[PDB]
């Protein structure tokens, strides 16, 4: 039965990691990953997380299954983060949240829910997006189409091209928006642009799907949710897939949420029953440890304060590295202006390096970026900045 199965293709991001591990040279610089790294180049467990895990070790008396939708406090804390305390969506009980195995799991649950229970056939994603979006939606039987996003000429949002692209989307199509810290470009809509998109989406009959992988990494928790909240003010229905992997440093514990919003409480509860059915037929119920850590932190004043400061420290270190990168390239004699990097948000930027320049950076200099030119700014440190920028200047 398995004799003639074709091997799955290499995969751009995970394949690069395989190459970095096989490479035994000494001065190597990894900008090709999707995790935060601190000034020492490590991805530590957050202190707030360790404190929460100690509390769980001391206090948990059972591992009995969670509900299909997971820990209730986790859902409540998630909705407050997304929509704001005192949001009409929360007051009117228009939103239901399922705890999921990561943001990826949330996207998969959303896709299965939509494929099985609605007329949705098509999801629009930005060009470029995280390559896993296509894989997730396709696995549910949904077609993926691209909308213009990235202005490759000046590394900004091509807003006119975006609008014109999305004219082809029909009423009842889903449109995926990265809520902040776009992956891979780090280019986000301004608030006014979000507001323009919110109005257009209502007019055109799109179902918005927001993906929040990095809430807190652009400007702050509340600011980063502005775009979502502009949509939420205008729409009867939307879905949010959110992740706590980066902002809690909980990658491998698989901590995410799928939040369903409908016009009223009766409708959302009915629809959510089918979202729960989609989860039941997938992994039954979600993993407790990471989500319990998040709920424990978010619901405790002391822990939440420690965590919010840790998140602020990550956001600020990335901002420092953006500035340092631009400054250092200038003083090492780079032949183009890199100031666009300062305007980009979160973990990722498109460097504007060509695929051949990135190949040369890996082969000649041991500097690892994704083939698209995506760099993880959190992979930069004061200690590796000079060699990194020297290598980049050399390939320009």
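Positions refer to the first chain, counted from 1.
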Given the B-factors recorded for C-alpha atoms, which segment has the greater mean, 156-164 or 308-316?
156-164
Average Cα temperature factor in the PDB entry - higher stretch of 35-43, 334-342:
334-342
Among 195, 135, 91, 252, which residue carries the highest C-alpha B-factor recorded in the PDB entry?
91
Identify, among 347, 359, 68, 329, the residue whose C-alpha carries the highest B-factor in the deposited PDB entry.
329
Residue 178 - Cα temperature factor, lowest/middle/highest third of chain:
lowest
Where does residue 61 sit by CA temperature factor within its chain: lowest, middle or highest third?
middle
Within this chain's modelled residues, let me know which third the CA B factor of residue 351 belongs to: lowest, middle or highest.
highest
Sorting the chain's modelled residues by C-alpha B-factor, tell me whether residue 370 ends up in the lowest, middle or highest third.
highest
Report the third (lowest, middle or highest) to which the CA temperature factor of residue 201 belongs, ranking only the modelled residues of the same chain.
middle
